[PDB]
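Some notes on the structure that comes next.
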Amino acid sequence: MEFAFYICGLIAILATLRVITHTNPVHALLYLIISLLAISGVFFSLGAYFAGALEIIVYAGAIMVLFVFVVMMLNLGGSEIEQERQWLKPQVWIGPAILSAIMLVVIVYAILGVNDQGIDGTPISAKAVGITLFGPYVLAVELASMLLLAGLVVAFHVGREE
Amino acid sequence: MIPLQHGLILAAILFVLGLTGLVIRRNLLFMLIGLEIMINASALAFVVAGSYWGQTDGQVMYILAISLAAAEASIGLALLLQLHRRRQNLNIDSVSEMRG
Amino acid sequence: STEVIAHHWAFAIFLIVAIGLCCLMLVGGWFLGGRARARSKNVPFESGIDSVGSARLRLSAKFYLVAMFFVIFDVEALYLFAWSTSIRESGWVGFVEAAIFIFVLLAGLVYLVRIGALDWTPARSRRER
Amino acid sequence: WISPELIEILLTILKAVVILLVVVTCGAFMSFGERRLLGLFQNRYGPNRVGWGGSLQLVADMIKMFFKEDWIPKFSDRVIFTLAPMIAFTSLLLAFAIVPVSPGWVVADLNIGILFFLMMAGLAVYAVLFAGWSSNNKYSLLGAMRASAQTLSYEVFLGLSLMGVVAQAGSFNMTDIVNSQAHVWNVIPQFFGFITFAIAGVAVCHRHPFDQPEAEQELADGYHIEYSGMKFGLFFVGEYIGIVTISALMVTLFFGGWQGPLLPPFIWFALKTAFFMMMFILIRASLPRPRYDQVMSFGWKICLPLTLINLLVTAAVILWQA
Amino acid sequence: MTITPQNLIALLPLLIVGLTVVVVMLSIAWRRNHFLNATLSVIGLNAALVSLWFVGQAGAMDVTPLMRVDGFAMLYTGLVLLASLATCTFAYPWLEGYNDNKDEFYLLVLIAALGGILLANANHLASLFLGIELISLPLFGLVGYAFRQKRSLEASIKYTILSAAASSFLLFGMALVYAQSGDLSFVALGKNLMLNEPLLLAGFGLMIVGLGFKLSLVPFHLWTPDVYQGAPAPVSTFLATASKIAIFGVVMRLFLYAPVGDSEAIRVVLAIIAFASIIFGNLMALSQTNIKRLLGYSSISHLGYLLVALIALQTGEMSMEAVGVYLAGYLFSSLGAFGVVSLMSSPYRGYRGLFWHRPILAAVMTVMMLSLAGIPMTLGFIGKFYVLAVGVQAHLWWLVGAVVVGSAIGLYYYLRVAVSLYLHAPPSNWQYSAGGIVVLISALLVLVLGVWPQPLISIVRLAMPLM
Amino acid sequence: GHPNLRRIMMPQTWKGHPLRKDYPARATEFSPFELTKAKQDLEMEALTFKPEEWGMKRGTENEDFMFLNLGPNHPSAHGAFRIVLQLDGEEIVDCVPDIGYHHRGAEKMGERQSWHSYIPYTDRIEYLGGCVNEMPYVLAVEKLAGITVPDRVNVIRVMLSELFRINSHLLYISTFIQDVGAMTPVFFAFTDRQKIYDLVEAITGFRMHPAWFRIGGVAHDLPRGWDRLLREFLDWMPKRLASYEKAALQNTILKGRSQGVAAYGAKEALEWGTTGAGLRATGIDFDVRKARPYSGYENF
Ligand SMILES: CCCCCCCCCCCCCCCCCC(=O)OC[C@H](COP(=O)(O)OCCN)OC(=O)CCCCCCCCCCCCCCCCC
Ligand SMILES: CCCCCCCCCCC1=C(C)C(=O)C(OC)=C(OC)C1=O
Ligand SMILES: CCCCCCCCCCCCCCCCCCCC
Ligand SMILES: CCCCCCCCCCCCCCCCCCCC
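Residue numbers (the deposited numbering), protein chains in the order written: chain J, 1 to 162; chain K, 1 to 100; chain A, 6 to 134; chain H, 3 to 324; chain N, 1 to 193, 197 to 353, 362 to 437, 445 to 485; chain C, 151 to 450.
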């Protein structure tokens with residue numbers, strides 16, 4: 001169980017790093033799919049089967065429309081990759097790299113300072129998540145439905161051609 | 001049996017990688033991709049937090065996190081389509097006429 | 006127990022043998038059979054005449070509005086996935102919450118249908134008259 | 003290695019391997035049976051010369067495909083071009099890896115089940131998308147866009163069609179689902195769920211009338227025109243494995259799976275799966291192909307509210323009798 | 001625990017706003033009529049405002065694991081409902097000139113009001129996060145409502161990207177806090193504790212980053228002049244009033260109900276953020292020629308003053324009423340100023364010497380400019396006096412010195428705008451008249467409650483939550 | 151004053167005008183067709199669509215137009231021709247139907263053959279028509295000669311032309327159903343075509359290009375027993391046609407793909423010279439077999 005979690009975590013880290021430092025949009029989307037598959041594998045190793053199930057179910061459709069928009073605008077041959085290459089320079093990425101590194105080491109210092117007892121890996125079924133979702137957490141569900149409705153209304157209002 | 005610290009460190013690494021892709025990348029689509037990476041990393045940290053305590057609260061917070069992720073992705077995708085329609089490029093540094 | 010590790014091993018062997026079989030038939034297809042040489046072999050197929058431009062042009066999909074609605078409706082679907090597995094223990098009150106949820110869902114769907122969204126077909130292709 | 007637990011593990015591994023080889027062989031023989039059944043539907047015979055009854059036609063097809071040259075175009079992205087047939091072959095195989103064919107004969111007894119099938123469908127669309135984009139052809143790009151529009155059409159209600167079955171069974175496991183149909187099959191209470199899942203499952207495999215990405219009349223064979231050799235065969239074999247997977251899943255979800263009065267359970271499962279396979283061929287031979295905008299409008303305006311109302315009515319009926 | 005009918009009695013504004021959201025949706029889908037949906041939104045908001053009386057007659061109750069309703073939630077719900085009503089009233093004459101559809105504006109305003117009410121009633125981390133996102137997303141829609149205009153699209157893109165980043169930061173800090181404590185309730189943060200542990204402190208710091216973005220706090224304040232200028236003027240009114248009121252109310256609920264507020268390090272970093280916010284927001288508006296960016300820096304400075312009033316909550320028991328009085332005065336002054344700006348920007352097509368053609372709007376604008384400076388005979392002075400008293404009581408001398416310096420700088424630029432209203436420069447419809455009446459009552463309320471502030475003190479002190 | 155006067159039957163790199171009297175008719179007059187690399191490249195550049203010549207304006211600020219060759223090698227194209235589509239997404243902005251790929255020089259061949267020996271070339275003008283293609287030529291030659299054919303000749307020619315009309319209509323209906331998407335009725339329609347072909351093989355001795363009409367009559371008399379096969383076909387046909395109707399022509403998916411699609415009125419039918427089923431589908435009752443009756447169609 002440790003092996004699957006650690007291999008999926010390493011794959012997720014590598015695929016995210018390849019995502020943020022790539023010029024090809026379709027290859028970046030493929031590595032993003034790989035990273036989210038690895039994230040769902042991490043979820044499955046921790047016993048949260050529903051979390052990994054929703055990570056593959058709803059993000060396969062999310063990156064699908066990302067592919068649709070990439071085909072819609074970004075694909076132009078080598079010109080788009082060449083234009084994306086000029087925006088990335090050694091100073092340009094070395095600027096915020098040390099900021100991300102110092103933030104990461106501060107958060108790691110924070111993480112290591114807490115007590116630990118180990119994750120037992122006991123599976124949590126979708127039945128318990130459904131009971132808690134429609135039980136103690138009513139208003140989260142209802143106002144999340146209203147939030148998604150609001151986002152849908154915003155998408156309709158902005159995304160019209162004419 | 002699996003340490004909580006390693007899962008939180010993994011989530012932190014993914015979060016700072018998403019922020020690196022948010023800052024250093026100039027095309028708006030990669031900023032939205034990096035935003036998706038941070039929201040997935042925060043959701044992942046919530047699932048590790050819920051799995052350490054053996055509660056469904058982390059999974060419910062993950063559900064809310066990805067509902068927000070989907071809604072913000074649709075809104076940002078519509079805004080990016082508007083930007084590409086009325087500018088014909090996805091340079092985010094040209095959005096600077098409002099200053100001072 | 007023993008059944009669980011047996012099932013895990015069976016699933017892992019299923020994955021490994023499936024991927025290896027796909028790779029093996031790909032390798033066998035690539036290695037067997039002589040190659041062909043032609044002047045226009047490495048040209049995209051466009052019914053026998055050279056292309057105008059290339060196939061890497063940007064193509065305006067008309068269903069992008071439906072796509073960014075599809076993500077939202079997929080998230081509503083995941084909420085109903087979570088509800089539907091625990092209907093009996095949720096009780097009638099949980100049925101009331103899900104009824105309100107689904108009523109908001111159809112209200113948004115009727116709103117999308119009526120305002121002209123989910124309708125991207127051209128005027129010449131609307132089958133009028 | 004002399005222990006009951008290790009030989010039980012070996013027996014389970016052997017059963018999973020047997021299931022995998024049988025379903026792959028059944029996909030290839032299902033291609034041959036599609037040719038024969040289209041002949042039967044259209045007042046003809048089909049291949050009945052290669053061996054007795056044409057039984058060696060599939061072997062000659064395999065030999066030709068293996069010795070047809072496999073090429074990668076210079077204008078294509080090679081990695082994605084090779085990757086797409088692998089996904090098309092393997093995604094619905096992994097979807098089939100949860101189908102219980104008999105009591106004691108299942109590869110994975112997952113607690114997610116139909117969730118895993120939804121994951122594999124959402125991963126299977128990317129094979130057609132990658133094949134359409136990577137080949138760098140105009141017909142392929144049009145086919146990939148049509149496939150994306152088709153996924154927009156079907157994936158909204160693909161899971162909500164089966165949420166009635168999940169609600170009736172009270173669990174996500176296929177074993178619990180086929181055990182919940184001990185008294186009556188699920189086609190009778192979940193009939194709107196049945197027809198909506200039939201529409202969505204035919205749309206999953208891109209089978210007729212939902213063959214928008216590869217419509218020969220429209221896009222001149224569509225997205226996989228640059229594919230040839232064993233990659234083209236991988237696409238077709240993965241499509242046929244998808245047909246078998248969707249048929250078996252529909253049998254387990256709406257027709258009890260292996261439950262039957264007199265015959266052995268595998269005999270009933272195979273009979274119902276072959277019935278739905280010949281129904282796939284009957285649907286392909288019978289009705290024409292609609293326009294994909296009409297398909298999207300039908301999947302959004304009709305099928306999705308139907309699944310929502312079906313889930314609401316199913317919940318009301320379940321809580322009324324509880 | 002289940003839901004009792006008394007819980008839905010206490011849930012009246014949330015249910016009313018959701019019901020009128022659905023009703024406005026169905027009326028828009030039936031027929032695109034601007035006046036009908038506008039009247040429906042105003043009717044629903046007024047229905048919630050008068051259902052606040054029945055909520056008060058019900059009592060204070062912990063309605064959910066998520067929500068808690070008391071006088072605190074009642075007061076902030078009333079403030080955000082008044083802000084939403086004024087936003088609709090200012091938006092209708094602006095929307096009369098919109099060539100595109102004018103019906104989604106009120107739907108987004110109603111959904112954002114629902115998010116503000118849920119933020120006011122929040123007693124859970126999940127409720128806090130959902131309320132923040134439910135404030136932000138309709139603001140993404142409303143800021144980029146006139147996307148044909150370049151600046152509105154600029155502000156929409158900037159606000160969306162920055163607020164998604166801040167939501168990710170806040171959610172990661174939330175996850176770290178939940179990993180530390182194990183309960184997401186507002187009363188169980190650190191109950192197992197030795198109150199200083201690095202994981203809980205880092206989680207609260209990341210939530211501080213997110214909320215300080217949402218409260219225009221330094222150094223997460225750079226979006227405020229840009230988003231305020233780019234957005235439409237009723238959207239600027241709503242973002243200045245309702246979002247700030249709701250987010251600061253839930254911030255005070257979190258920092259009062261949790262035992263983590265007793266920690267010295269969070270108080271020290273909040274004092275640093277408050278000092279930097281006051282000085283930076285006042286100094287940045289010195290040479291501002293545009294009224295929207297000037298009001299954005301004004302919002303930064305006033306949220307810094309609110310931060311000073313919030314820091315001393317653990318020591319003195321009069322900090323909460325100080326924040327309530329300051330937020331009421333700030334709401335009225337911002338409503339008046341942004342309403343004058345909106346009425347000058349209406350109808351939508353696409362302030363020097365304003366007294367010589369529009370004298371009443373100039374009077375309202377100079378009254379609100381006097382009020383925002385903390386000058387007596389106005390409500391902003393009463394709020395500044397409360398903030399200074401709270402800072403003096405808990406001995407925060409750097410903060411009150413910063414308040415005095417920032418008040419002097421604000422005096423300079425506010426009074427510059429006030430005299431520029433009266434220098435020499437080189445409608446006809448009852449909705450515009452209604453907006454003029456709204457800003458006139460705002461100015462009159464500011465003047466009357468500056469002269470006689472005691473009834474507002476009584477109403478604010480009667481809005482007393484569970485100590 | 152013509153907008154775009156360019157070659158429509160010959161390629162753009164063609165010298166001379168072929169229907170002039172001094173132009174050689176036969177391929178043996180010119181050098182035999184030598185396909186070299188340079189000639190292949192030159193003719194491929196000639197066949198490449200140039201949108202600037204047609205004023206197609208190959209771009210928009212938002213997105214780029216898609217130029218697609220529908221044909222010559224397309225299942226939807228009914229021959230060797232190509233429609234060049236300017237597209238945005240899936241929508242057609244403009245079309246350039248490029249023809250001339252199926253040019254056999256049949257008029258120049260008419261100047262090259264005798265009156266009797268041109269009849270097989272008339273048969274291949276519309277290869278699903280056969281005797282329907284034969285009739286106008288032999289009738290015009292009989293007008294030239296001054297020949298009035300008797301009643302039996304007229305009835306036999308009406309028989310063969312109506313048989314081939316049923317054949318062509320069966321192929322057209324099956325082809326339409328196939329392009330809508332249903333691939334089954336084409337097999338049965340071609341079985342009915344084989345029944346008609348059995349009768350036509352019995353009478354004329356050939357399947358699809360009979361070349362059986364002559365100047366002043368037909369090649370042979372009717373063989374003994376043709377009425378048996380005609381009765382067999384007349385018994386076999388209507389049940390099959392009703393089956394085709396109730397199976398595919400009453401299909402709501404087929405109706406959705408068909409009704410309202412590519413619709414025009416009588417004005418568009420008249421200004422573009424549209425004849426046949428389209429002109430009558432616009433409501434204009436103009437059929438040659440009734441308006442200007444030929445070959446004794448008045449007796450039917
Ligand atoms: C194991 C899995 C496999 C199981 C095999 C057996 C089941 C297979 C199911 C196949 C389903 C195919 C569904 C095809 C739907 C096509 C809908 C469509 O696009 O119709 C368009 C057409 C015209 O569009 P319209 O909206 O009228 O025009 C608007 C333009 N202004 O509008 C119309 O034509 C209107 C009528 C639409 C009818 C939709 C289909 C009805 C249900 C499917 C057919 C019956 C399947 C079997 C059911 C059980 C039978 C015992
Ligand atoms: C293989 C299953 C039976 C196919 C039967 C096809 C019958 C003819 C189809 C129409 C058609 C004709 C006449 C035709 O001439 C043609 O051009 C060469 C086509 O494109 C390939 C056609 O599709
Ligand atoms: C054309 C405009 C481009 C703007 C690019 C902005 C890049 C910012 C990079 C910041 C890197 C900071 C590294 C750490 C500095 C020291 C710590 C913070 C300040 C005390
Ligand atoms: C057309 C039928 C397709 C079936 C696909 C799935 C078959 C999987 C292989 C099953 C092999 C084992 C069968 C059951 C064995 C135990 C019972 C024996 C007596 C029936």
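Beta carbons are placed, not taken as given, at the ideal position from N, Cα and C, and that holds for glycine.
Range of the contiguous beta strand (DSSP E) that encloses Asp238(C): Here residue 238(C) corresponds to residue number 88 of the sixth sequence, with the count starting at 1. Looking at the DSSP string, the run of the beta strand (DSSP E) that includes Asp238(C) is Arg232 to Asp238.
Assuming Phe237(H) contacts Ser104(H) (C-beta within less than 8 Å), just tell me the rounded distance between them. Counted from its first residue, the fourth sequence places residue 237(H) at position 235. Counted from its first residue, the fourth sequence places residue 104(H) at position 102. About 30 Å; that fails the 8 Å criterion.
Name, in chain order, the residues that DSSP records as bridge partners for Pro247(C). In the sixth sequence, residue 247(C) corresponds to position 97, counting from 1. In the DSSP output, where bridge partners are listed per residue, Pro247(C) has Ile233(C).
In the region 36–59 of chain J, which residues sit with their C-beta less than 8 Å from some C-beta in chain A, listed in chain order? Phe50, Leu54, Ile57 and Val58
How would you label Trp3(H), buried or exposed, when you count the other beta carbons within 10 angstroms and need 16 or more for buried? In the fourth sequence, the residue the question calls residue 3(H) occupies position 1. Result: exposed.
As a quick check of your reading: which residues have a C-beta less than 7 Å from at least one non-hydrogen atom of ligand 3, in chain order? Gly95(J), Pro96(J), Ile98(J), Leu99(J), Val23(K) and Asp93(K)
Check the DSSP bridge columns for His210(H) and list the partner residues they point to. Within the fourth sequence, numbered from 1, the residue matching residue 210(H) stands at position 208. Note: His210(H) sits in no beta bridge, so no partner.
Closest residue to residue 443(N) among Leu11(N), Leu458(N), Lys102(N) and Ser290(N) (Cα-Cα distance): Chain N lacks coordinates between 437 and 445, the interval that contains residue 443(N).
Would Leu160(H) count as contacting chain C if we go by Cβ distances under 8 Å? By one-based count along the fourth sequence, residue 160(H) stands at place 158. It does not; no Cβ of chain C falls within 8 Å.
Which residue's Cα is closest to the Cα of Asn138(H): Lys67(A), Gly99(A), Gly58(A) and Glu102(A)? The count along the fourth sequence starts at 1 and reaches residue 138(H) at position 136. For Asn138(H), the nearest C-alpha among the options comes from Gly58(A).
Run through chain K and tell me which residues come within less than 9 Å of residue 188(J), C-beta to C-beta. There is simply no residue 188(J) to check, as chain J begins at 1 and stops at 162 in what is shown.
By the 10 Å Cβ neighbour count, where 16 or more other Cβ atoms means buried, how is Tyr277(C) classified, buried or exposed? For the purposes of this step, residue 277(C) is taken as residue 127 along the sixth sequence, with counting starting at 1. Exposed: under 16 other Cβ atoms inside 10 Å.
Does the beta carbon of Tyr69(A) come closer than 8 Å to any beta carbon on chain N? Within the third sequence, numbered from 1, the residue matching residue 69(A) stands at position 64. Output row for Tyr69(A): interface = no.
Who pairs with residue 481(C) in a beta bridge, going by DSSP? There is no way to answer for residue 481(C), as the model of chain C reaches only from 151 to 450.
At least one CB of chain A closer than 8 Å to the CB of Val22(N): is that the case? Translated into positions along the fifth sequence, residue 22(N) becomes position 22. At a cut-off of 8 Å between C-beta atoms, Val22(N) counts as an interface residue with respect to chain A.
What's the C-alpha gap between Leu70(A) and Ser93(H)? Locating residue 70(A) in the third sequence gives position 65, counting from the first residue. Locating residue 93(H) in the fourth sequence gives position 91, counting from the first residue. Answer to the nearest angstrom: the Cα atoms are 28 Å apart.
Alpha helix (DSSP H) segments (min. 4 residues) lying fully within the region 289–332 of chain C: The alpha helix (DSSP H) runs of length 4 or more contained entirely in the region 289–332 of chain C are, from start to end of the chain, 301–330.
For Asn27(K), write down the residues that DSSP places opposite it in a beta bridge. In the second sequence, residue 27(K) corresponds to position 27, counting from 1. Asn27(K) is bridged to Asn91(K).
On a CA-only basis, which of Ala249(N), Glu96(N), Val271(N) and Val464(N) is nearest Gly353(N)? Give me that one, please. Here residue 353(N) refers to the residue found at position 350 of the fifth sequence. Residue nearest to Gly353(N) within the set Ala249(N), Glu96(N), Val271(N) and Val464(N) is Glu96(N) (criterion: CA-CA distance).
Which residues in chain H sit within 7 Å of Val68(J), going by Cβ to Cβ distance? By 1-based counting over the first sequence, the position of residue 68(J) is 68. Residues of chain H passing the Cβ test: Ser150.
Which residues count as close to ligand 1 when the rule is a CB under 6 Å from any of its heavy atoms, in chain order? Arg131(A), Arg132(A), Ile197(H), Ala200(H), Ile201(H), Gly203(H), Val204(H), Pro211(H), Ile248(H), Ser249(H), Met252(H), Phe278(H), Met281(H), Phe282(H), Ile285(H), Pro292(H), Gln296(H), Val297(H), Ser299(H), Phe300(H), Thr402(C), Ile403(C) and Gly406(C)
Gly121(J) touches chain A at which residues, Cβ-Cβ below 8 Å? Position 121 of the first sequence, counted from the start, is the residue given in the question as residue 121(J). The contacting residues do not exist; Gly121(J) stays about 12 Å from chain A at best.
Please determine, among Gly131(N), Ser152(N) and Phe129(N), the residue with the shortest C-alpha to C-alpha distance to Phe140(N). The residue labelled residue 140(N) in the question sits at position 140 within the fifth sequence. For the residues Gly131(N), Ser152(N) and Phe129(N), the minimum Cα distance to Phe140(N) belongs to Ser152(N).
Go through its chain and collect everything with a Cβ distance to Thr377(N)'s Cβ below 7 Å, but skip five positions before and after it. Position 366 of the fifth sequence, counted from the start, is the residue given in the question as residue 377(N). These residues qualify, in order along the chain: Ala429 and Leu432.
Tell me whether the region 323–342 of chain C and the region 387–400 of chain C touch, counting them as touching only if at least three CB pairs, one residue from each stretch, are closer than 8 Å. yes
Beta carbon of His13(A): closer than 7 Å to some heavy atom of ligand 2? Taking the third sequence and counting its residues from 1, the one referred to as residue 13(A) is at position 8. False, no ligand heavy atom lies under 7 Å from that Cβ.
Starting from the C-beta of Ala332(C), find all residues in its chain whose C-beta is less than 6 Å away, skip the five residues before and the five after it, and write them out in chain order. Walking along the sixth sequence from the start, residue 332(C) turns up at place 182. Same-chain partners within the cutoff: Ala398.
Would you call the region 121–140 of chain J in contact with the region 91–105 of chain A, where contact means no fewer than 3 C-beta pairs closer than 8 Å? yes
Less than 8 Å between the beta carbons of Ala331(N) and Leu225(N), yes or no? Position 328 of the fifth sequence holds residue 331(N). Position 222 of the fifth sequence holds residue 225(N). The answer is no: Cβ separation not under 8 Å.
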